[PDB]
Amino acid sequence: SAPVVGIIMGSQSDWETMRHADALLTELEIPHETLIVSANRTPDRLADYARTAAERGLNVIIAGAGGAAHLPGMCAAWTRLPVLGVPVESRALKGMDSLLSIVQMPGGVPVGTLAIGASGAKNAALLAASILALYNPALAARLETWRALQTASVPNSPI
């Protein structure tokens, strides 16, 4: 019942994108928390959140942000847990700024980066699930089922 995955995002504006990560984890019955945390506007909140993640029982953190998107990398800077990053698409640069600021992390501080937008958010949840599946047979089976349903449900011809 206690969250094993933490979904954090730069602002309310990111919810439209990050909700796909939330929905996916719920579907796979993965206990998690969903919060707003800004690296630049709430730096101490991030430090505390990331520092204590492991102690609170979290195993994976999904972080999403737009623009310069410092959130994912800074979260990874304070936690030893795997951090997955979702570039949130934005008006001007369509998430290209977010993508580079997240994926180009220096050696030593990784952020497993997913695609820009909703699909990236969804995949961050699926990637987190695949990580948890390594030591949770029940979840692993549910993940196998989800993947199998995806493959089997793709139509053979367009409508």
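In case it trips you up, residue 1 is the first one in the sequence shown, and so on.
Trainee: When the C-alpha temperature factors are averaged for each of 90 to 98 and 64 to 72, which stretch ends up with the higher value in the entry?
Mentor: Mean C-alpha B-factor is greater for 90 to 98.
Trainee: Highest mean C-alpha temperature factor of the two stretches 109 to 117 and 52 to 60, which is it?
Mentor: Taking the mean C-alpha B-factor of 52 to 60 and of 109 to 117, the larger value falls to 52 to 60.
Trainee: Quick one: which of 103, 134, 46, 124 shows the highest Cα temperature factor in the PDB entry?
Mentor: Answer, based on the entry's C-alpha B-factors: 134.
Trainee: Of the three thirds of its chain by CA temperature factor, lowest, middle or highest, which one includes residue 16?
Mentor: For residue 16, the deposited C-alpha B-factor lands in the highest third.
Trainee: Hey, what third does residue 35 fall into on Cα B-factor, ranked over its chain?
Mentor: It belongs to the highest third of the chain when residues are ordered by C-alpha B-factor.
Trainee: Check where residue 130 lands among this chain's C-alpha B-factors and tell me if it's the lowest, middle or highest third.
Mentor: CA B-factor rank for residue 130: middle third.
Trainee: Considering every modelled residue of the chain and its Cα B-factor in the PDB entry, is residue 9 in the lowest, middle or highest third?
Mentor: Ranked within chain, residue 9 CA B lands in the lowest tercile.
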